[PDB]
file coords22.cif (mmCIF, C-alpha atoms)
data_coords
loop_
_atom_site.label_atom_id
_atom_site.label_comp_id
_atom_site.auth_asym_id
_atom_site.auth_seq_id
_atom_site.Cartn_x
_atom_site.Cartn_y
_atom_site.Cartn_z
CA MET A 1 -17.19 39.42 14.12
CA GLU A 2 -16.31 36.58 16.48
CA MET A 3 -16.80 33.12 14.99
CA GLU A 4 -19.35 31.35 17.21
CA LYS A 5 -21.88 34.19 17.12
CA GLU A 6 -21.32 34.84 13.42
CA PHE A 7 -22.13 31.11 13.13
CA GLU A 8 -25.47 31.27 14.95
CA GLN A 9 -26.33 34.41 12.97
CA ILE A 10 -25.82 32.63 9.63
CA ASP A 11 -27.80 29.58 10.79
CA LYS A 12 -30.75 31.69 11.98
CA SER A 13 -30.68 33.74 8.77
CA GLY A 14 -30.10 30.71 6.52
CA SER A 15 -27.47 32.50 4.43
CA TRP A 16 -24.69 29.90 4.10
CA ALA A 17 -25.06 29.73 0.30
CA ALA A 18 -24.70 33.52 -0.01
CA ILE A 19 -21.62 33.60 2.24
CA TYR A 20 -20.00 30.77 0.26
CA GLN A 21 -20.75 32.43 -3.08
CA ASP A 22 -19.01 35.64 -1.97
CA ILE A 23 -15.88 33.60 -1.18
CA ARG A 24 -16.05 32.08 -4.67
CA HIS A 25 -16.39 35.56 -6.22
CA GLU A 26 -13.47 37.05 -4.26
CA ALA A 27 -11.09 34.09 -4.73
CA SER A 28 -7.81 34.49 -6.62
CA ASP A 29 -7.40 33.56 -10.29
CA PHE A 30 -3.84 32.70 -11.36
CA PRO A 31 -2.67 30.84 -14.47
CA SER A 32 -2.44 27.03 -14.65
CA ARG A 33 -0.79 26.70 -18.07
CA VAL A 34 1.40 23.67 -17.34
CA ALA A 35 -1.61 21.61 -16.12
CA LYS A 36 -3.41 22.20 -19.42
CA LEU A 37 -0.62 21.10 -21.79
CA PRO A 38 -1.80 18.18 -23.98
CA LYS A 39 0.98 15.89 -22.69
CA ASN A 40 -0.46 16.14 -19.14
CA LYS A 41 -4.07 15.14 -19.88
CA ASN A 42 -3.79 11.67 -18.29
CA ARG A 43 -2.13 13.25 -15.20
CA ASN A 44 -5.30 15.14 -14.15
CA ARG A 45 -8.37 13.52 -12.63
CA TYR A 46 -10.76 16.46 -13.22
CA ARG A 47 -10.52 19.02 -16.01
CA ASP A 48 -11.70 21.88 -13.75
CA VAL A 49 -9.24 21.23 -10.85
CA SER A 50 -5.65 22.28 -11.66
CA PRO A 51 -2.63 23.58 -9.69
CA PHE A 52 -1.59 27.18 -10.27
CA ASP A 53 1.79 27.53 -11.98
CA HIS A 54 3.27 29.72 -9.22
CA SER A 55 2.65 27.18 -6.40
CA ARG A 56 2.73 23.77 -8.15
CA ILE A 57 5.07 21.04 -6.90
CA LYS A 58 7.71 20.14 -9.50
CA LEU A 59 9.02 16.59 -9.84
CA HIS A 60 12.84 16.39 -10.04
CA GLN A 61 12.81 14.99 -13.56
CA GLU A 62 13.81 16.59 -16.85
CA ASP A 63 11.38 14.84 -19.22
CA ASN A 64 8.12 15.84 -17.49
CA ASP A 65 8.05 17.57 -14.10
CA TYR A 66 4.24 17.77 -13.77
CA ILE A 67 2.01 16.50 -10.91
CA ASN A 68 -1.43 17.83 -9.84
CA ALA A 69 -0.24 19.11 -6.43
CA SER A 70 0.14 22.53 -4.77
CA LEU A 71 2.25 23.99 -1.90
CA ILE A 72 0.07 25.92 0.59
CA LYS A 73 2.53 28.08 2.66
CA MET A 74 0.92 29.81 5.69
CA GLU A 75 3.30 32.54 6.81
CA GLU A 76 1.78 33.74 10.11
CA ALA A 77 0.87 30.22 11.29
CA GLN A 78 4.28 28.81 10.25
CA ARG A 79 2.72 25.72 8.64
CA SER A 80 3.00 24.33 5.10
CA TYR A 81 0.87 21.66 3.38
CA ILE A 82 0.98 19.90 0.00
CA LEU A 83 -2.57 19.37 -1.33
CA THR A 84 -2.97 16.85 -4.20
CA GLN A 85 -5.56 14.75 -6.01
CA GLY A 86 -6.00 11.06 -5.31
CA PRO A 87 -3.39 9.21 -7.39
CA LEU A 88 -4.41 7.84 -10.84
CA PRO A 89 -3.23 4.50 -12.33
CA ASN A 90 -0.57 6.39 -14.32
CA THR A 91 0.56 8.72 -11.46
CA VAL A 92 1.13 6.40 -8.46
CA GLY A 93 4.89 6.44 -9.16
CA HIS A 94 4.90 10.25 -9.44
CA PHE A 95 3.02 10.51 -6.11
CA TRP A 96 5.68 8.56 -4.17
CA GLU A 97 8.46 10.41 -6.05
CA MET A 98 6.98 13.66 -4.66
CA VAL A 99 6.77 12.26 -1.09
CA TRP A 100 10.47 11.27 -1.35
CA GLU A 101 11.75 14.53 -2.95
CA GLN A 102 9.78 16.86 -0.62
CA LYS A 103 11.01 14.94 2.51
CA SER A 104 7.47 14.43 3.85
CA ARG A 105 6.89 12.30 6.99
CA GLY A 106 3.14 11.78 6.64
CA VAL A 107 0.39 11.22 4.05
CA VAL A 108 -3.22 12.15 5.03
CA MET A 109 -6.01 10.40 3.05
CA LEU A 110 -9.62 11.61 3.53
CA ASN A 111 -11.50 9.33 1.09
CA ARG A 112 -12.12 5.62 0.51
CA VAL A 113 -10.79 3.94 -2.67
CA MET A 114 -14.40 3.30 -3.74
CA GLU A 115 -17.27 5.67 -2.83
CA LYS A 116 -20.76 5.86 -4.38
CA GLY A 117 -19.90 2.70 -6.36
CA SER A 118 -17.06 4.39 -8.34
CA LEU A 119 -13.27 4.50 -7.98
CA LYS A 120 -12.06 7.70 -6.29
CA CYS A 121 -8.32 6.90 -6.37
CA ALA A 122 -5.91 4.08 -7.14
CA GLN A 123 -4.93 1.42 -4.57
CA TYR A 124 -1.54 3.09 -4.17
CA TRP A 125 -0.13 1.37 -1.03
CA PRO A 126 0.35 -2.34 -0.18
CA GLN A 127 -2.26 -4.20 1.84
CA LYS A 128 -0.06 -7.12 3.03
CA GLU A 129 3.41 -7.07 4.61
CA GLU A 130 4.73 -9.84 2.34
CA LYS A 131 3.42 -8.25 -0.93
CA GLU A 132 5.47 -5.07 -1.46
CA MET A 133 5.03 -2.64 -4.38
CA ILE A 134 7.69 -1.57 -6.91
CA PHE A 135 7.20 1.59 -9.03
CA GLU A 136 9.49 1.01 -12.00
CA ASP A 137 9.01 4.41 -13.64
CA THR A 138 10.40 6.27 -10.56
CA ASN A 139 12.58 3.48 -9.06
CA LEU A 140 10.95 3.25 -5.62
CA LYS A 141 9.93 0.31 -3.41
CA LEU A 142 7.10 0.55 -0.85
CA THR A 143 6.49 -1.97 1.98
CA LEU A 144 3.71 -2.20 4.57
CA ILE A 145 5.35 -2.41 8.05
CA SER A 146 2.29 -2.30 10.37
CA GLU A 147 -1.41 -1.33 10.38
CA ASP A 148 -3.69 -0.20 13.26
CA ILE A 149 -7.43 -0.12 12.45
CA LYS A 150 -9.62 2.03 14.71
CA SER A 151 -13.30 2.91 14.55
CA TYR A 152 -12.89 6.22 12.67
CA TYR A 153 -9.39 6.01 11.11
CA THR A 154 -6.53 3.63 10.26
CA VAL A 155 -2.79 4.39 10.75
CA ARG A 156 -0.16 2.55 8.72
CA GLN A 157 3.63 2.49 8.98
CA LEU A 158 5.24 2.28 5.51
CA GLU A 159 8.87 1.94 4.34
CA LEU A 160 9.87 3.87 1.20
CA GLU A 161 13.18 2.86 -0.41
CA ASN A 162 14.93 4.87 -3.11
CA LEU A 163 16.25 1.97 -5.21
CA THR A 164 18.88 4.20 -6.85
CA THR A 165 20.65 4.97 -3.53
CA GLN A 166 19.32 2.24 -1.18
CA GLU A 167 18.30 4.93 1.32
CA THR A 168 15.12 4.15 3.29
CA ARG A 169 12.59 6.30 5.16
CA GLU A 170 9.59 5.66 7.38
CA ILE A 171 6.31 7.23 6.13
CA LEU A 172 3.14 7.41 8.26
CA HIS A 173 -0.24 6.93 6.44
CA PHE A 174 -3.21 8.55 8.27
CA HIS A 175 -6.46 7.31 6.68
CA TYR A 176 -9.75 8.88 7.79
CA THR A 177 -12.21 6.15 6.77
CA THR A 178 -15.66 7.42 7.88
CA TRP A 179 -16.48 10.63 5.96
CA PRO A 180 -19.99 9.93 4.57
CA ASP A 181 -20.58 9.25 0.86
CA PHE A 182 -22.96 12.28 0.80
CA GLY A 183 -22.77 15.49 2.80
CA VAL A 184 -20.56 16.13 5.84
CA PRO A 185 -20.27 14.52 9.31
CA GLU A 186 -22.98 15.47 11.80
CA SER A 187 -20.40 16.12 14.57
CA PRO A 188 -16.76 17.27 14.13
CA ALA A 189 -15.53 15.20 17.10
CA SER A 190 -13.98 12.29 15.17
CA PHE A 191 -12.39 14.59 12.52
CA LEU A 192 -10.80 16.73 15.25
CA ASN A 193 -9.56 13.63 17.09
CA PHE A 194 -7.99 12.52 13.79
CA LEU A 195 -6.33 15.94 13.24
CA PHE A 196 -4.70 15.75 16.66
CA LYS A 197 -3.45 12.20 16.00
CA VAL A 198 -1.71 13.56 12.88
CA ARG A 199 -0.26 16.43 14.96
CA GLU A 200 1.01 14.10 17.70
CA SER A 201 2.95 12.02 15.14
CA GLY A 202 5.26 14.93 14.11
CA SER A 203 3.97 14.85 10.51
CA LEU A 204 2.96 18.56 10.57
CA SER A 205 6.09 19.83 12.31
CA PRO A 206 8.91 21.98 10.89
CA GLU A 207 11.57 19.28 11.28
CA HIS A 208 9.98 17.46 8.28
CA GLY A 209 8.90 18.38 4.75
CA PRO A 210 5.23 19.38 4.29
CA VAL A 211 2.57 16.77 4.94
CA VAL A 212 0.88 15.45 1.75
CA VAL A 213 -2.96 15.60 2.06
CA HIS A 214 -5.49 14.30 -0.49
CA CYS A 215 -9.09 13.26 -1.10
CA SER A 216 -10.42 12.61 -4.65
CA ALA A 217 -9.86 16.12 -6.17
CA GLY A 218 -7.66 17.48 -3.34
CA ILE A 219 -9.76 20.61 -2.63
CA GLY A 220 -12.88 19.82 -0.57
CA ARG A 221 -12.23 17.50 2.40
CA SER A 222 -8.53 18.32 1.99
CA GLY A 223 -9.28 22.03 2.31
CA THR A 224 -11.35 21.43 5.47
CA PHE A 225 -8.36 19.67 7.09
CA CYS A 226 -5.78 22.43 6.52
CA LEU A 227 -8.24 25.29 7.18
CA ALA A 228 -9.21 23.84 10.60
CA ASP A 229 -5.56 23.14 11.53
CA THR A 230 -4.31 26.64 10.63
CA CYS A 231 -7.20 28.46 12.35
CA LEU A 232 -6.69 26.54 15.62
CA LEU A 233 -2.92 27.26 15.55
CA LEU A 234 -3.57 31.01 15.03
CA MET A 235 -5.96 31.03 18.01
CA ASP A 236 -3.10 29.68 20.18
CA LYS A 237 -0.48 32.15 18.87
CA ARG A 238 -2.39 35.46 18.98
CA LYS A 239 -3.18 37.66 21.99
CA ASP A 240 -6.82 37.92 20.86
CA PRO A 241 -8.12 34.55 19.57
CA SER A 242 -11.47 36.08 18.58
CA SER A 243 -9.59 38.03 15.89
CA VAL A 244 -9.12 34.87 13.77
CA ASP A 245 -11.33 35.26 10.67
CA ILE A 246 -11.95 31.90 9.02
CA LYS A 247 -13.15 33.49 5.75
CA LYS A 248 -9.93 35.53 5.49
CA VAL A 249 -7.77 32.46 6.22
CA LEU A 250 -9.64 30.51 3.52
CA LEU A 251 -9.11 33.28 0.95
CA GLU A 252 -5.39 33.30 1.83
CA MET A 253 -5.16 29.54 1.20
CA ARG A 254 -7.01 29.94 -2.13
CA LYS A 255 -4.06 32.07 -3.34
CA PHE A 256 -2.17 28.72 -3.49
CA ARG A 257 -4.80 26.21 -4.79
CA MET A 258 -8.14 26.84 -6.47
CA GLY A 259 -11.53 25.67 -5.12
CA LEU A 260 -10.70 24.86 -1.50
CA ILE A 261 -13.98 24.04 0.30
CA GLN A 262 -16.38 22.77 -2.41
CA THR A 263 -19.83 23.38 -0.86
CA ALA A 264 -21.64 25.60 1.62
CA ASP A 265 -22.06 22.50 3.80
CA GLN A 266 -18.28 22.02 3.91
CA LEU A 267 -17.92 25.71 4.87
CA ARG A 268 -20.37 25.33 7.76
CA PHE A 269 -18.62 22.13 8.86
CA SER A 270 -15.25 23.93 8.94
CA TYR A 271 -16.71 26.63 11.21
CA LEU A 272 -18.18 23.94 13.50
CA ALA A 273 -14.84 22.13 13.73
CA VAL A 274 -12.90 25.26 14.68
CA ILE A 275 -15.53 26.38 17.21
CA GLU A 276 -15.64 22.99 18.95
CA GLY A 277 -11.87 22.51 18.75
CA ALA A 278 -11.18 25.88 20.38
CA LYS A 279 -12.86 24.61 23.55
CA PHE A 280 -10.96 21.32 23.82
CA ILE A 281 -7.56 23.03 23.41
CA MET A 282 -7.89 24.91 26.72
#
call {"tool": "encode", "arguments": {"input": "coords22.cif", "output": "structure tokens"}}
result
Amino acid sequence: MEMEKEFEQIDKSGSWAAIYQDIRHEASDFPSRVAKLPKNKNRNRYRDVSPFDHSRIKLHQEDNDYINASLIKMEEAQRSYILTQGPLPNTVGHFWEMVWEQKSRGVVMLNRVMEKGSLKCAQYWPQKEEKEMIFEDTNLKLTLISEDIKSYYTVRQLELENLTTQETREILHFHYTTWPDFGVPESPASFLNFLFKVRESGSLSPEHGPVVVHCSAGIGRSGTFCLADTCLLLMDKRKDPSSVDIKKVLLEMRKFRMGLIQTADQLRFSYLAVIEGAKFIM
């Protein structure tokens, strides 16, 4: 079916929970043996969210190559994404090692450091120009270059230096700061505006390594971001845009990381975002 009328049909029939449960039932199950090794326990935020072995990002290190991160490679859309958890106190150095090694140009953050009175990820970037951060375990230096605070998002320019080689690179930090503590946004307008600011920066383009996107677990809000982006690109590429099937695209992405889209409310919100975005594009 087309999307917008499928949407009204599910609203009128009140069947979002049933639709979402059939996605959960049909989703891929692949092994995640490396994530569950005892030596990696303090590298995982949640025991039930792990990268599959076949798609996990490997650190270029011989002692321990493990990080909770997955490569989502969308063949028809010609887009790739790295989805990861919010960094932990012991994995902030690993996180920036991955950004360096994968040649990424942008980091997309969809949570606040504290939500619901609890810590959702480490403070992993510097807040003042004159107070830079050094990660001694991975030999990287990180400096805040500039910061632009807007009503619904903040963009930061960061400098990452590989202290072994003295090479430097500019990284863009795109921080969506207004997702509510509970539920989903009432309108997709600010989330879509944010997506197109990330696009305009070059951070999603083939000249660069894959964008790194995270929230707390790296599956819910993060899944909404890449699902909306890929569906809108497919609608531009195909002769028949009404042929884009958001449930089929989501099951394709779940071949690469488990659990993407965590609630029926996030599923409905993803439909809303694609429907409303399709109109602005033209």
call {"tool": "atom_distance", "arguments": {"input": "coords22.cif", "atom1": "CA of residue 116 (chain A)", "atom2": "CA of residue 181 (chain A)"}}
result
6.2 Å
call {"tool": "residues_around", "arguments": {"input": "coords22.cif", "residues": "region 56-66 of chain A", "least_positions_apart": "3", "cutoff": "9 Å", "atoms": "only C-alpha atoms", "output": "list in words"}}
result
residues 32, 34, 35, 39, 40, 43, 51, 52, 53, 69, 70, 71, 82, 94, 97, 98, 101, 102, 256 and 257 of chain A
call {"tool": "residues_around", "arguments": {"input": "coords22.cif", "residues": "residue 87 (chain A)", "least_positions_apart": "6", "cutoff": "9 Å", "atoms": "only C-alpha atoms", "output": "list in words"}}
result
residues 43, 45, 93, 94, 95, 120, 121, 122, 123, 124, 214 and 216 of chain A
call {"tool": "closest_residue", "arguments": {"input": "coords22.cif", "among": "A:146, A:106, A:180, A:222", "to": "residue 200 (chain A)", "atoms": "only C-alpha atoms"}}
result
A:106
call {"tool": "closest_residue", "arguments": {"input": "coords22.cif", "among": "A:54, A:12, A:175, A:24", "to": "residue 260 (chain A)", "atoms": "only C-alpha atoms"}}
result
A:24
call {"tool": "residues_around", "arguments": {"input": "coords22.cif", "residues": "residue 224 (chain A)", "least_positions_apart": "5", "cutoff": "8 Å", "atoms": "all atoms listed in the file", "output": "list in words"}}
result
residues 260, 261, 266, 267 and 270 of chain A
call {"tool": "closest_residue", "arguments": {"input": "coords22.cif", "among": "A:211, A:192, A:155, A:144", "to": "residue 73 (chain A)", "atoms": "all atoms listed in the file"}}
result
A:211
call {"tool": "resolve_selection", "arguments": {"input": "coords22.cif", "expression": "the PyMOL selection byres ((chain A and resi 137) around 10)", "output": "PyMOL selection string"}}
result
chain A and resi 90-94+97+134-136+138-140
call {"tool": "atom_distance", "arguments": {"input": "coords22.cif", "atom1": "CA of residue 190 (chain A)", "atom2": "CA of residue 152 (chain A)"}}
result
6.7 Å
call {"tool": "atom_distance", "arguments": {"input": "coords22.cif", "atom1": "CA of residue 197 (chain A)", "atom2": "CA of residue 113 (chain A)"}}
result
21.7 Å
call {"tool": "closest_residue", "arguments": {"input": "coords22.cif", "among": "A:74, A:133, A:246, A:231", "to": "residue 161 (chain A)", "atoms": "only C-alpha atoms"}}
result
A:133
call {"tool": "resolve_selection", "arguments": {"input": "coords22.cif", "expression": "the PyMOL selection byres ((chain A and resi 75) around 12)", "output": "JSON, numbers by chain"}}
result
{"A": [72, 73, 74, 76, 77, 78, 79, 80, 81, 230, 233, 234, 249, 252, 253]}
call {"tool": "write_last_selection", "arguments": {"input": "coords22.cif", "atoms": "C-alpha atoms", "output": "CSV table (one decimal), in the frame of the given file"}}
result
chain,number,residue,atom,x,y,z
A,72,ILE,CA,0.1,25.9,0.6
A,73,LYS,CA,2.5,28.1,2.7
A,74,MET,CA,0.9,29.8,5.7
A,76,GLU,CA,1.8,33.7,10.1
A,77,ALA,CA,0.9,30.2,11.3
A,78,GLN,CA,4.3,28.8,10.2
A,79,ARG,CA,2.7,25.7,8.6
A,80,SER,CA,3.0,24.3,5.1
A,81,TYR,CA,0.9,21.7,3.4
A,230,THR,CA,-4.3,26.6,10.6
A,233,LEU,CA,-2.9,27.3,15.6
A,234,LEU,CA,-3.6,31.0,15.0
A,249,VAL,CA,-7.8,32.5,6.2
A,252,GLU,CA,-5.4,33.3,1.8
A,253,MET,CA,-5.2,29.5,1.2
call {"tool": "closest_residue", "arguments": {"input": "coords22.cif", "among": "A:272, A:212, A:189, A:226", "to": "residue 105 (chain A)", "atoms": "only C-alpha atoms"}}
result
A:212
call {"tool": "closest_residue", "arguments": {"input": "coords22.cif", "among": "A:195, A:204, A:172, A:264", "to": "residue 148 (chain A)", "atoms": "all atoms listed in the file"}}
result
A:172
call {"tool": "resolve_selection", "arguments": {"input": "coords22.cif", "expression": "the PyMOL selection byres ((chain A and resi 29) around 9)", "output": "PDB file with C-alpha atoms, in the frame of the given file"}}
result
ATOM      1  CA  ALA A  27     -11.090  34.090  -4.730  1.00  0.00           C
ATOM      2  CA  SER A  28      -7.810  34.490  -6.620  1.00  0.00           C
ATOM      3  CA  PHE A  30      -3.840  32.700 -11.360  1.00  0.00           C
ATOM      4  CA  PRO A  31      -2.670  30.840 -14.470  1.00  0.00           C
ATOM      5  CA  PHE A  52      -1.590  27.180 -10.270  1.00  0.00           C
ATOM      6  CA  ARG A 254      -7.010  29.940  -2.130  1.00  0.00           C
ATOM      7  CA  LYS A 255      -4.060  32.070  -3.340  1.00  0.00           C
ATOM      8  CA  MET A 258      -8.140  26.840  -6.470  1.00  0.00           C
TER       9      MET A 258
END
call {"tool": "residues_around", "arguments": {"input": "coords22.cif", "residues": "residue 151 (chain A)", "least_positions_apart": "5", "cutoff": "10 Å", "atoms": "all atoms listed in the file", "output": "PyMOL selection string"}}
result
chain A and resi 176-178+190
call {"tool": "axis_aligned_box", "arguments": {"input": "coords22.cif", "around": "region 128-145 of chain A", "padding_each_side": "8 Å", "output": "AutoDock Vina command-line options"}}
result
--center_x 6.3 --center_y -1.8 --center_z -2.8 --size_x 28.6 --size_y 32.1 --size_z 37.7
